[PDB]
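Worksheet: the structure to be examined is printed underneath.
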Amino acid sequence: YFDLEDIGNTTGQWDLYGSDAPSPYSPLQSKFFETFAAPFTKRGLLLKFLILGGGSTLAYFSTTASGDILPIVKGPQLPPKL
Amino acid sequence: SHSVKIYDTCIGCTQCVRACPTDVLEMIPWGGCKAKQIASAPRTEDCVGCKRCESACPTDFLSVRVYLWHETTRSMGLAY
Amino acid sequence: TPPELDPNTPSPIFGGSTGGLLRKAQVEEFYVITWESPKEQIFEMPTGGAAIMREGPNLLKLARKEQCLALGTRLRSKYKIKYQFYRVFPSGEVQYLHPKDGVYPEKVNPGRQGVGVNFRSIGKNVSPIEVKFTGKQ
Amino acid sequence: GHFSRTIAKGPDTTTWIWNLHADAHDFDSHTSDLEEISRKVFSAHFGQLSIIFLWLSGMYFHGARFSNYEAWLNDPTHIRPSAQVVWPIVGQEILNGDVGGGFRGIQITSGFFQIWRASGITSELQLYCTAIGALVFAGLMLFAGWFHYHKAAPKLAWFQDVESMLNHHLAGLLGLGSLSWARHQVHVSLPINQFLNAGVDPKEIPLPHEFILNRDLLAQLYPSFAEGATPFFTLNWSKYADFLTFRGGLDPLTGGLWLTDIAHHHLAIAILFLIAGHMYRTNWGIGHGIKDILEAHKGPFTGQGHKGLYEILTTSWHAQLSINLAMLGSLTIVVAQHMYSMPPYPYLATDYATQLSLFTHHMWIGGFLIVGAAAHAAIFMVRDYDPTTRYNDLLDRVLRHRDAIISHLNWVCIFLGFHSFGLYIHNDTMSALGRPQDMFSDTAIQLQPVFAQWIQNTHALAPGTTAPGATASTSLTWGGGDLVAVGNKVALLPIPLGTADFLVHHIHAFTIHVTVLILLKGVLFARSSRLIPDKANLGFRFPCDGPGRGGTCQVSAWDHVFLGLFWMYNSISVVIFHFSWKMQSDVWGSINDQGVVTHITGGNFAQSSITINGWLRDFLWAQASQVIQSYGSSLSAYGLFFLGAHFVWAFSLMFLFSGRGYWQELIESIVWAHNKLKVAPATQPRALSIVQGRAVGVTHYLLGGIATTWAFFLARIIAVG
Amino acid sequence: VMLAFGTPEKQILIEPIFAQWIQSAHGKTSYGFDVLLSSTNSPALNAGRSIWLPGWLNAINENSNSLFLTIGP
Amino acid sequence: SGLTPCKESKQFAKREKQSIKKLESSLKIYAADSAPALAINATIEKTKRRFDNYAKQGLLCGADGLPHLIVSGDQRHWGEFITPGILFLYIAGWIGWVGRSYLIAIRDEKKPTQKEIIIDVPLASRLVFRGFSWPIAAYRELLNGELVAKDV
Amino acid sequence: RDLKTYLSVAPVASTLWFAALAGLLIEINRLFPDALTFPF
Amino acid sequence: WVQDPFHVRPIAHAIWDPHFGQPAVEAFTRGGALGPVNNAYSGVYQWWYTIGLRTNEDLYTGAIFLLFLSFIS
Amino acid sequence: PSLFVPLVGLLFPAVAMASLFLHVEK
Ligand code: CLA
Ligand code: CLA
Ligand code: CLA
Ligand SMILES: CCCCCCCCCCCCCCCC(=O)OC[C@H](COP(=O)(O)OC[C@@H](O)CO)OC(=O)CCCCCCCCCCCCCCC
Ligand SMILES: CC1=C(/C=C/C(C)=C/C=C/C(C)=C\C=C\C=C(C)\C=C\C=C(C)\C=C\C2=C(C)CCCC2(C)C)C(C)(C)CCC1
Ligand code: SF4
Ligand code: SF4
Ligand code: SF4
């Protein structure tokens, strides 16, 4: 009934489902976020920061009192033939 | 895409064409057999490689041979 | 032969399905098929079930090409109906395939060109050979 | 192919022989004449009934001449039920073992002994007659099929009158059948068994017919029978309540349901099926047009609905067969779970060997039939689905959003699989690393099945409150503080539900959902698919459509039944395992003088069935010791069949992991060796077809697998129970 | 079958007499075979000329090592 | 042959006694004169008999106390393999020769496959006994026991 | 009556043949059980 | 291990796993090691001892030499 | 010491899997 070689888009599911909403905005509080979230918006630079943020994992394990790394002590079993 | 070939050992029974669901083959005027026809493979781009054509061939061993080569969406038979 | 071309035609009655086009159509390709019915009949429709055929030009859009032929080969049987389908593309364009020659591929026609015909006969193929090609040229 | 002329034609390859049997019963492929088919299957049912009738005759006959039933009757607690005897040839006689009663025979698990005691049967004389009566019936049934195919075959119009058939089957067969049996109970079963429970001895029991003739003998007990006029015609009915009651629970001396209740049950069931029998329209006005009523239901969601169904279910056998197989199988399953929880036979629950094998047998039969529903449902789509002539609309939409249903069901299985099997892999890992606090256990982070525990709680407090007439509970698994102990064995006991019980139920949720997925996917996409737009033209049983499209192997609806067949095995196989361990661990056992109960495995289910290693050790490795140590004893055959099944099973993997292209090329070399020595058969040897190799594969897999547990279980409970 | 039937004396237990003949041919004095390196007169064992044989023949008749174990049905 | 004959065996002799005692244990609960009685006692005599026979015929018996067969070809133990083996090949050939003789007779004329699925031709004219002398197939070998179509 | 014979001449023939073979073998074993050798 | 090849278990390497519970670290502490280790079943101890390796220092020099051999490859 | 390295043996998969992903989609 409605196929138009002119517009190939409506013909296909090209249309954004009504879930799209191109409406206004949100409060001015954004002016704050835009200021402090800027260094993480660069990409690639952020890729690196997070990977080198893996330096946290090293720091957290080099220093860790309560993970089972001690026997605590025992007298070991010989044991099948010593 | 897939590579299909026809051989002069054909007898022009046209069953390979009727078997194809994508329309990869067709009949051709020729002087080699009594039917004076021969299979042709012009549209290999639409070939999916299912070998339905081979299972209709009556020649002692196939006159039409499908050689599965590079894969494409059409050959992969994808609808998405 | 001159391709007839398709402009606008009504679609057959159906009501919807989940086997229709999806994204591929938008960005790669989609195939449409046209056939004329002497009666508002009922046909199976692949990728779904039950659709009324309609009477008139009848235009349907599908994907994979094969879906169109399946319908077309069922359309030629059961009902004595002629049909034709094309590949739409995403930016207009007019590629018309099948019948093409205007006479069915199974029926021998006068000027087609062989394309990939080997006059050697099978079993007489060679063995490689590190050079380009496989020997079934 | 005897059935078809071209098929019969001539044999050129061995494939002809395999085809001949494969399509022997495929009646709708031999003719397009619906009447001819219907006539064929109707006669086939007679031939079936003859075989099962003959089957029954042999069970009664063997019970008479080759059994120690009489011996078992006087001492049911520690006499082993045994029918059939083995001739002393090539060392066979070892299978004849001590079963008590001074008799040498193989211990049985069919449960006929418990059935016969309930029926009030006392002598081999009585069993002898019933065997002959069955044979006489077998002669009739076989003759009846010959008469209705060659002499007087019904019209298609005859079979199509479904209304008349419905009315009868759920009234003439069900109602009067229940009623007729209800009479035998209170006149024969109840009187005689009442004596048997008083330790009177069978030969000292009067003959059943003496109870019927003179009321005197039957009236001294159950004194409601005393009145000749009977209070029935007075319509007070309160007086009758002595021979029938709503007591429920379990008799503490015989361990079965009170026959005092089953008689009342059938009395109700009978007329309930007699009334419901008067529903559909026939000839004398009063009744329903099922065609009309079906049409009435329609909906904003369904649009036209059910319209046209009556046409479909009156012209397509596969449609009716699928529905029937789906529920007859489902019925067999609920039968298994009702006979274990509510033991209906005298000295049945006490006989642990019979109960395990009864529950397990019904689970497989029920499981198989349901899988068969998938097949014929798919066969209907390929062979009988025609929108032009028989549109439904319900079927439509379903086909319309079929990519939706499967995709969702696909997700649920992944959610279930993770949230079932994953928990076990969690527990297996936390226990191996030495941290049981972490595991999903009753001792650690517990996942209590409070919903199931709540339903059981209300069943316990049901008698008196929401069930005044009920003196006791429905089943003692819902009892609370009750305990029945027949002999030194425990008949039944309240079954607890813990975190270990939460996991296993979620595994059954899983296995069933996946089995549904595989089967349902094959039915909907039986005709068309994005991959194969014309699958319906390839048929229902075809191997493939070539290596094209990346590979289209097992796209057939047949192959979906093939894949779902293994999964139905995987499914039940773990239900029966759940049953076996739970009953042995928390129910079955011996009760002492003080009242202390010791179970067979000693309550190790709760903390050891939460681990995979726990099933592999505390269950398999532990409970196998019987089967693998049965050599030189009466259970010798089970040990062999245990090994024999492991073989036919690994033998299946040969067919399943390979293809026929290899085999055909191998045969070529073998045919050459034959041609050299003039020993080449004119019927050229061919490999099995692609589809047959799958059929051969799954059969042996199921056989070897099923058979292997059979020997597992039957060796376990006999040596222990 | 017979062990199931409780009759292990009906088994087919073929003695690997060919292989046991090889073992005796190596120096094992088990079995009554009288073959090379364990026989009564031959060019083979005396070709030992001490050296390997005395230390090695000690090793073959060791009931502890895996050097030529005892074999059967 | 570290085995010492079943006669001077203490294990194989002990094994006999062990088996019959277990059988005797079973008849104690049935009371003689009864059916399960003979069946047990009949089993016992067969047990004694087979143990008795094995010692007669030789049979070496290992340390385990069970007879071990010797297939080396030793004349002392020919009855353990060679003589039954000769008997097998005889019947094995006989079957082979009769079967081959059948498919050959069928091939000329008729529909050959008809005879294969259905053989309402029994031993043909009289083909079975032809196997009584199969070994004379050695003389069929010097002529045309094999077809010359493929290789030699 | 030609018909019954043929009927008995299909794969059933195999059952009859193997039943006859089994009977022979079993009876042989009755007269000579526990045979581990041919001693004559 | 060298000082008593009969009654000591060779050590492949140490174990370091955060998922290990205390009973795990417990059970795997063997061969006179300060922490949980794996009992070597590759027979490298017998091989290295037989060819003449007696100290840890010797083992290190071999590791360095192989690391160097790995480079020139 | 040995409690610093098995994690970089797990930082490495994070790095490797990320890099390879970029390589294969390019
Ligand atoms: C009384 C003797 C008798 C005779 C001479 C015939 C003769 C015939 N019948 Mg009839 N039939 C009979 C009894 C008889 N029948 C009975 C008692 C029934 C009711 C079940 C039938 C139901 C019947 C049907 C539905 C059909 C025939 C047909 C035929 C014709 C073809 C034969 C055939 O089907 O192929 C094969 C011959 C066989 C004997 C097949 C074997 C089937 C039997 C019942 C197997 C027994 C079950 C077995 C024990 C299962 C366990 C196996 C276990 C060992 C593994 C032929 C004229 C067919 C026809 O008319 O052709 C179009 C046909 O459609 N018969
Ligand atoms: C309600 C009962 C019922 C009825 C009346 C039918 C009827 C039919 N079925 Mg169905 N089926 C059923 C249940 C039923 N089925 C169930 C529960 C399943 C799931 C397992 C199936 C799965 C199924 C498939 C996949 C197919 C059918 C097909 C058919 C049709 C013909 C096939 C045929 O002749 O059999 C042929 C009989 C054989 C080939 C014998 C095979 C050997 C058996 C399986 C071995 C059994 C082992 C034995 C029990 C134990 C070992 C014994 C041994 C060691 C001696 C016929 C209409 C076929 C069809 O195309 O429909 C038209 C088809 O392909 N059925
Ligand atoms: C336990 C499972 C199993 C068994 C028994 C076999 C057996 C065999 N395989 Mg197989 N295979 C298997 C699994 C198995 N395979 C698996 C999982 C794979 C990977 C996919 C393969 C891949 C494979 C390949 C690639 C090949 C084989 C081949 C063979 C044959 C080798 C010939 C031989 O040694 O003895 C002969 C036969 C046997 C030892 C078993 C026969 C079974 C019994 C003994 C027959 C007696 C029947 C008895 C009377 C029962 C009657 C039943 C009754 C209902 C009638 C043999 C039949 C080769 C072959 O075909 O050589 C010719 C070969 O090419 N196999
Ligand atoms: C948190 C605990 C509370 C429980 C609520 C959540 C659990 C139950 C799941 C909600 C499902 C909603 C059912 C609506 C009741 C319902 O089914 O409505 C039925 C509705 C009615 O249609 P009509 O009114 O047309 O029906 C009449 C005619 O159509 C037929 O003649 O039909 C449809 O919804 C069509 C679309 C199917 C809807 C598919 C959803 C299927 C859910 C799958 C889960 C099955 C669970 C079974 C467990 C035993
Ligand atoms: C002496 C002896 C021994 C040895 C043996 C040997 C070592 C040998 C050999 C052998 C050989 C190495 C042989 C060979 C060969 C060959 C050939 C080349 C063949 C052939 C054949 C044929 C040709 C056959 C045919 C036929 C017949 C005649 C019958 C039937 C079948 C047919 C028909 C199949 C031992 C010591 C062990 C034991 C003791 C004794
Ligand atoms: S393989 Fe399939 S698509 Fe290709 S030529 Fe053959 S039938 Fe056509
Ligand atoms: S099937 Fe073979 S012979 Fe027939 S038309 Fe095709 S190529 Fe020619
Ligand atoms: S191997 Fe078999 S199933 Fe797979 S593509 Fe080839 S023919 Fe089809």
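In the structure tokens, the first chain shown is A, the next is B, and so on; residue numbers restart at 1 for each chain, and ligands run from 1 in the order shown.
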
**OP:** Residues up to 7 Å from ligand 1, counting only C-alpha atoms and all ligand atoms: could you list those as an MDAnalysis selection string?
**Re:** chainID D and resid 2:3 40:41 43:44 46:47 142:146 149

Residues as selected, N, CA and C atoms, written as a compact mmCIF listing (two decimals), in the first residue's frame, can you do that?
```txt
# COMPACT_ATOMS: atom_id res chain seq x y z
N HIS D 2 5.59 -53.46 0.90
CA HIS D 2 4.32 -54.16 0.75
C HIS D 2 3.13 -53.21 0.59
N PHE D 3 3.15 -52.12 1.35
CA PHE D 3 2.02 -51.20 1.45
C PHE D 3 1.70 -50.48 0.14
N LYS D 40 -7.84 -48.13 8.56
CA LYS D 40 -6.59 -48.81 8.88
C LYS D 40 -6.23 -48.69 10.36
N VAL D 41 -6.20 -47.47 10.88
CA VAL D 41 -5.78 -47.25 12.27
C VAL D 41 -6.78 -47.84 13.26
N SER D 43 -8.60 -50.55 12.97
CA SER D 43 -8.29 -51.98 13.06
C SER D 43 -6.98 -52.21 13.80
N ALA D 44 -6.03 -51.30 13.62
CA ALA D 44 -4.73 -51.40 14.25
C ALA D 44 -4.83 -51.34 15.77
N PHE D 46 -7.33 -52.48 17.51
CA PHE D 46 -7.79 -53.81 17.90
C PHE D 46 -6.61 -54.76 18.05
N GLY D 47 -5.73 -54.76 17.05
CA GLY D 47 -4.55 -55.59 17.07
C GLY D 47 -3.66 -55.26 18.25
N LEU D 142 -8.35 -59.61 18.31
CA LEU D 142 -7.67 -59.89 17.06
C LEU D 142 -8.69 -60.14 15.95
N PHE D 143 -9.70 -60.96 16.26
CA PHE D 143 -10.76 -61.25 15.30
C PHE D 143 -11.54 -60.00 14.91
N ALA D 144 -11.73 -59.09 15.87
CA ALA D 144 -12.54 -57.90 15.65
C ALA D 144 -11.93 -56.96 14.61
N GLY D 145 -10.60 -56.91 14.56
CA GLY D 145 -9.91 -56.07 13.60
C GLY D 145 -10.02 -56.60 12.19
N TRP D 146 -9.95 -57.92 12.06
CA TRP D 146 -10.11 -58.59 10.77
C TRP D 146 -11.51 -58.38 10.23
N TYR D 149 -12.22 -54.63 8.75
CA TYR D 149 -11.38 -54.15 7.66
C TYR D 149 -11.66 -54.93 6.37
```

**OP:** Provide as a ChimeraX atom specification the residues of chain D at most 12 Å from chain C, counting only C-alpha atoms.
**Re:** /D:303,381,385-407,524-537,549

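Between atom CA of residue 614 of chain D and atom CA of residue 596 of chain D lies a distance of 26.4 Å.
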
Closest atom pairs, residues of chain D within 12 Å of chain A, only C-alpha atoms, as a Markdown table:
```
| residue | atom | partner | partner_atom | distance |
| --- | --- | --- | --- | --- |
| D:433 | CA | A:68 | CA | 10.9 |
| D:434 | CA | A:68 | CA | 10.9 |
| D:435 | CA | A:68 | CA | 11.1 |
```

Please produce a file of the residues just selected, as a PDB file, in the first residue's frame, where the atoms kept are N, CA, C and O atoms.
```
ATOM      1  N   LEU D 433      37.715 -25.375  47.857  1.00  0.00           N
ATOM      2  CA  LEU D 433      38.634 -24.349  48.339  1.00  0.00           C
ATOM      3  C   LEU D 433      38.618 -24.251  49.866  1.00  0.00           C
ATOM      4  O   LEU D 433      39.381 -23.485  50.450  1.00  0.00           O
ATOM      5  N   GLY D 434      37.748 -25.028  50.503  1.00  0.00           N
ATOM      6  CA  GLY D 434      37.708 -25.106  51.952  1.00  0.00           C
ATOM      7  C   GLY D 434      36.914 -23.997  52.615  1.00  0.00           C
ATOM      8  O   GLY D 434      37.317 -23.470  53.652  1.00  0.00           O
ATOM      9  N   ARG D 435      35.785 -23.635  52.016  1.00  0.00           N
ATOM     10  CA  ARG D 435      34.919 -22.612  52.592  1.00  0.00           C
ATOM     11  C   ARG D 435      33.449 -23.000  52.464  1.00  0.00           C
ATOM     12  O   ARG D 435      32.751 -22.520  51.570  1.00  0.00           O
TER      13      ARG D 435
END
```

Select the residues contacting ligand 7 at a distance of at most 10 Å, based on only C-alpha atoms and all ligand atoms, then format the selection as a PDB file with C-alpha atoms, in the first residue's frame.
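Just written: result.pdb:
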```pdb
ATOM      1  CA  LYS B   5      30.676 -24.840 -13.109  1.00  0.00           C
ATOM      2  CA  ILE B   6      28.866 -26.709 -15.887  1.00  0.00           C
ATOM      3  CA  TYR B   7      30.392 -29.535 -17.934  1.00  0.00           C
ATOM      4  CA  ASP B   8      29.872 -30.633 -21.546  1.00  0.00           C
ATOM      5  CA  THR B   9      28.907 -34.074 -20.250  1.00  0.00           C
ATOM      6  CA  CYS B  10      25.506 -32.482 -19.627  1.00  0.00           C
ATOM      7  CA  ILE B  11      22.434 -33.708 -21.509  1.00  0.00           C
ATOM      8  CA  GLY B  12      20.171 -30.697 -20.968  1.00  0.00           C
ATOM      9  CA  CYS B  13      17.476 -32.174 -18.730  1.00  0.00           C
ATOM     10  CA  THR B  14      17.012 -28.776 -17.036  1.00  0.00           C
ATOM     11  CA  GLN B  15      16.508 -30.322 -13.582  1.00  0.00           C
ATOM     12  CA  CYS B  16      19.364 -28.366 -11.993  1.00  0.00           C
ATOM     13  CA  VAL B  17      17.572 -25.118 -12.804  1.00  0.00           C
ATOM     14  CA  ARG B  18      14.174 -26.205 -11.478  1.00  0.00           C
ATOM     15  CA  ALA B  19      15.865 -27.315  -8.258  1.00  0.00           C
ATOM     16  CA  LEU B  25      21.324 -21.342 -13.257  1.00  0.00           C
ATOM     17  CA  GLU B  26      19.669 -21.269 -16.670  1.00  0.00           C
ATOM     18  CA  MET B  27      19.493 -23.164 -19.968  1.00  0.00           C
ATOM     19  CA  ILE B  28      21.628 -22.345 -23.028  1.00  0.00           C
ATOM     20  CA  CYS B  33      23.644 -33.165 -27.102  1.00  0.00           C
ATOM     21  CA  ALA B  35      18.398 -31.742 -26.313  1.00  0.00           C
ATOM     22  CA  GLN B  37      20.552 -27.251 -24.520  1.00  0.00           C
ATOM     23  CA  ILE B  38      23.058 -26.835 -21.693  1.00  0.00           C
ATOM     24  CA  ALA B  39      23.025 -25.485 -18.140  1.00  0.00           C
ATOM     25  CA  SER B  40      24.542 -22.081 -17.392  1.00  0.00           C
ATOM     26  CA  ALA B  41      25.635 -20.397 -14.158  1.00  0.00           C
ATOM     27  CA  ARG B  52      20.011 -29.069  -4.700  1.00  0.00           C
ATOM     28  CA  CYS B  53      21.102 -28.900  -8.332  1.00  0.00           C
ATOM     29  CA  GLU B  54      23.514 -31.798  -7.872  1.00  0.00           C
ATOM     30  CA  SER B  55      20.823 -34.058  -6.415  1.00  0.00           C
ATOM     31  CA  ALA B  56      18.772 -33.650  -9.595  1.00  0.00           C
ATOM     32  CA  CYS B  57      21.590 -34.395 -12.036  1.00  0.00           C
ATOM     33  CA  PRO B  58      21.159 -37.749 -13.855  1.00  0.00           C
ATOM     34  CA  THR B  59      24.553 -37.745 -15.612  1.00  0.00           C
ATOM     35  CA  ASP B  60      27.013 -40.357 -14.327  1.00  0.00           C
ATOM     36  CA  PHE B  61      28.569 -37.993 -11.836  1.00  0.00           C
ATOM     37  CA  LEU B  62      27.544 -34.360 -11.874  1.00  0.00           C
ATOM     38  CA  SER B  63      27.618 -32.088 -14.911  1.00  0.00           C
ATOM     39  CA  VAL B  64      27.031 -29.229 -12.491  1.00  0.00           C
ATOM     40  CA  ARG B  65      29.515 -28.849  -9.633  1.00  0.00           C
TER      41      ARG B  65
ATOM     42  CA  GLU C 106      14.341 -23.637 -17.356  1.00  0.00           C
ATOM     43  CA  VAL C 117      31.014 -23.673 -19.036  1.00  0.00           C
TER      44      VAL C 117
END
```

Subject >> Contact residues around residue 33 of chain H with only C-alpha atoms at 9 Å, ignoring same-chain residues under 3 positions, as a VMD selection string >> reply: chain H and resid 11 14 29 to 30 36 to 37

Would you write out those residues with C-alpha atoms, as a PDB file, in the first residue's frame?
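Final output, selection.pdb:
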```
ATOM      1  CA  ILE H  11      58.108 -29.038  44.905  1.00  0.00           C
ATOM      2  CA  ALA H  14      54.316 -22.088  45.071  1.00  0.00           C
ATOM      3  CA  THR H  29      51.482 -26.718  52.663  1.00  0.00           C
ATOM      4  CA  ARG H  30      53.863 -29.606  52.026  1.00  0.00           C
ATOM      5  CA  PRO H  36      51.086 -23.969  49.902  1.00  0.00           C
ATOM      6  CA  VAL H  37      52.883 -25.577  46.955  1.00  0.00           C
TER       7      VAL H  37
END
```

**OP:** Dump the neighbourhood of ligand 3 as JSON, numbers by chain: all residues within 10 Å, distances computed on only C-alpha atoms and all ligand atoms.
**Re:** {"D": [646, 647, 648, 649, 650, 651, 652, 653, 654, 655, 656, 657, 658, 659, 662, 663, 665, 666, 667, 670]}

Using the selection just defined, write its residues with C-alpha atoms as a short mmCIF file (atom, residue, chain, number, x, y, z; two decimals), in the first residue's frame.
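Below you can see selection.cif, which holds the result:
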```cif
data_model
loop_
_atom_site.label_atom_id
_atom_site.label_comp_id
_atom_site.auth_asym_id
_atom_site.auth_seq_id
_atom_site.Cartn_x
_atom_site.Cartn_y
_atom_site.Cartn_z
CA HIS D 646 27.02 -49.41 29.00
CA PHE D 647 27.94 -50.97 25.70
CA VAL D 648 24.88 -50.42 23.59
CA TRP D 649 25.26 -46.87 24.85
CA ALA D 650 28.81 -46.24 23.82
CA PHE D 651 27.82 -48.10 20.69
CA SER D 652 25.42 -45.28 19.83
CA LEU D 653 28.18 -42.66 19.87
CA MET D 654 29.60 -44.43 16.81
CA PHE D 655 26.50 -43.49 14.82
CA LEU D 656 26.03 -40.06 16.39
CA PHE D 657 29.55 -38.66 16.00
CA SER D 658 29.97 -39.66 12.34
CA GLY D 659 28.43 -39.54 8.87
CA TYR D 662 32.86 -42.44 5.38
CA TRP D 663 30.97 -45.72 5.69
CA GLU D 665 33.50 -45.44 0.95
CA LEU D 666 34.57 -48.17 3.37
CA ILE D 667 31.96 -50.53 1.93
CA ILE D 670 34.75 -54.42 1.12
#
```

**OP:** Show me which residues sit within 10 Å of ligand 5 when counting only C-alpha atoms and all ligand atoms, and put them as a PyMOL selection string.
**Re:** (chain D and resi 673-674+676-679) or (chain E and resi 18) or (chain F and resi 70-74+78+81-83+85-86+89-101+131+134-141+145-146)

Go ahead and dump the residues you just picked, C-alpha atoms, as a short mmCIF file (atom, residue, chain, number, x, y, z; two decimals), in the first residue's frame.
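Output (out_11.cif):
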```cif
data_model
loop_
_atom_site.label_atom_id
_atom_site.label_comp_id
_atom_site.auth_asym_id
_atom_site.auth_seq_id
_atom_site.Cartn_x
_atom_site.Cartn_y
_atom_site.Cartn_z
CA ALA D 673 37.03 -58.07 -1.78
CA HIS D 674 33.69 -59.76 -2.40
CA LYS D 676 37.21 -60.92 -6.22
CA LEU D 677 35.74 -64.09 -4.72
CA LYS D 678 32.39 -64.14 -6.56
CA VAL D 679 30.61 -63.28 -3.29
CA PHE E 18 54.49 -66.99 22.84
CA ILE F 70 47.67 -73.69 25.85
CA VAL F 71 47.49 -72.78 22.16
CA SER F 72 51.20 -73.06 21.33
CA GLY F 73 50.37 -76.16 19.31
CA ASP F 74 51.75 -78.50 21.97
CA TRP F 78 45.77 -80.03 20.96
CA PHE F 81 42.42 -75.18 20.53
CA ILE F 82 43.64 -76.92 17.36
CA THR F 83 41.09 -79.73 17.26
CA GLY F 85 39.78 -74.89 15.71
CA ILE F 86 39.87 -77.39 12.85
CA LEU F 89 37.05 -73.75 10.14
CA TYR F 90 35.26 -76.74 8.73
CA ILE F 91 31.89 -75.40 9.61
CA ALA F 92 33.03 -71.87 8.92
CA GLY F 93 34.11 -72.80 5.41
CA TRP F 94 31.08 -75.00 4.84
CA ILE F 95 28.86 -72.01 5.51
CA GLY F 96 31.01 -69.80 3.42
CA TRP F 97 31.06 -72.24 0.52
CA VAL F 98 27.32 -72.94 0.59
CA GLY F 99 26.49 -69.23 0.70
CA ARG F 100 28.85 -68.44 -2.18
CA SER F 101 27.46 -71.34 -4.21
CA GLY F 131 29.61 -78.16 1.89
CA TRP F 134 34.09 -77.69 0.72
CA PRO F 135 37.81 -78.23 1.22
CA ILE F 136 37.80 -79.48 -2.32
CA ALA F 137 37.46 -75.76 -3.09
CA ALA F 138 41.26 -75.90 -3.17
CA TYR F 139 40.71 -77.44 -6.59
CA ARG F 140 38.29 -74.65 -7.44
CA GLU F 141 41.20 -72.34 -6.61
CA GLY F 145 37.96 -69.57 -7.41
CA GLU F 146 38.58 -65.89 -8.06
#
```

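Going from atom CA of residue 22 of chain D to atom CA of residue 544 of chain D covers 18.2 Å.
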
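If you take only C-alpha atoms and a cut-off of 12 Å, the residues of chain D that reach chain H are residues 429, 430, 431, 432, 433, 434, 435, 436, 437 and 438 of chain D.
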
**OP:** Determine, counting only C-alpha atoms, which protein, DNA and RNA residues have an atom within 10 Å of an atom of segment 260-264 of chain D; residues of the same chain fewer than 4 positions away are not included. Present the result as a count of residues only.
**Re:** 23
